[PDB]
Structure formats: C-alpha cells, structure tokens
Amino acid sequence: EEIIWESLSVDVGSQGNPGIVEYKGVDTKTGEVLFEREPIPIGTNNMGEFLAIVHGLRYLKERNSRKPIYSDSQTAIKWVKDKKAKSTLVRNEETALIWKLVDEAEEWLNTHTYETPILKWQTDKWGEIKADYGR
C-alpha cells in the first residue's frame, strides 16, 4: 500500500475547536498550495475537513482532473460519501457562516456527479499529510 503521488491533499487548521477554521489543498507530490479558504470565525474541525474535501471535488471537476483526494479525516470522508455532514455544532448567529457553507456543500454534492476517489491518508505509515498546518 503506497502513496498515490498524483493526488490532491487537503487539511484543516483551527484556533480552537470549535474556533477559527481554515483549510487548504496542496499537490501531494510538490506541496504547492492550490487553494486556501479564508478563515471562518467559528466552526468545528470536522466541518472544516468536510468543506476541504468538497472544495477539492469542485476544484478538480472544474479543471477536468481525475486525481484522487487524500484526507486524514475518517469523519469527513464518511460525511462526503453520505452527502451529509452530521455535525453537533449549535446553529446560532455566530455559527451561521460555517453552517451556510456546510449546507451549500451538501447541496453541491446532491446536484453534481464525480468519480474522484477520496482516499484515507495513512498518517501512521506515511507521517503528516502534505497539506498539514503543523499546529
């Protein structure tokens, strides 16, 4: 079981959980940063991981790329498979923004198709995912 180097890797970074959430996607082989989401004032780690995968799906579809996506998040990979983010985060004014983004990401999954493999990054064998924030 070896790394698929021709892939996109995503990760979340946060200040608090729940807290400020950002995410980015990188070329697994080179580390080149391909997209970075503006920090969201309040969210959860798993909402960020979910949004990062869905943004990766949208990024690769727009560019007609068949590359797989690596995520280290068991939770987010399942949420994407399910097309349903089962977050416990309260819905209030402070969490409105991230919940809007999560709702819209689910909506995108329910109205689009993709063949993109979404693969578990095996941190125990390979070290930190290439998109890691190092926090």
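So that there is no doubt, residue numbering starts at 1 and follows the sequence shown.
*Asks:* Name the higher of the two by mean Cα B-factor in the PDB entry, 98-106 versus 49-57.
*Replies:* On average, C-alpha B-factors are higher across 98-106.
*Asks:* Report the stretch with the higher mean CA temperature factor, choosing between 19-27 and 121-129 on the basis of the entry.
*Replies:* According to the PDB entry, the answer is 121-129.
*Asks:* Which has the highest CA B-factor per the PDB entry: 37, 83, 63, 67?
*Replies:* Each of 37, 83, 63, 67 was compared by C-alpha B-factor; the highest is 83.
*Asks:* Quick one: which of 75, 71, 92, 44 shows the highest Cα temperature factor in the PDB entry?
*Replies:* That would be 92, according to the entry.
*Asks:* Give the position of residue 9 by CA B-factor within its chain, expressed as the lowest, middle or highest third.
*Replies:* For residue 9, whose C-alpha B-factor we compare with every modelled residue in the chain, the answer is the lowest third.
*Asks:* Taking the chain's C-alpha temperature factors as the reference, tell me which third residue 116 falls into: lowest, middle or highest.
*Replies:* It falls in the bottom third of the chain.
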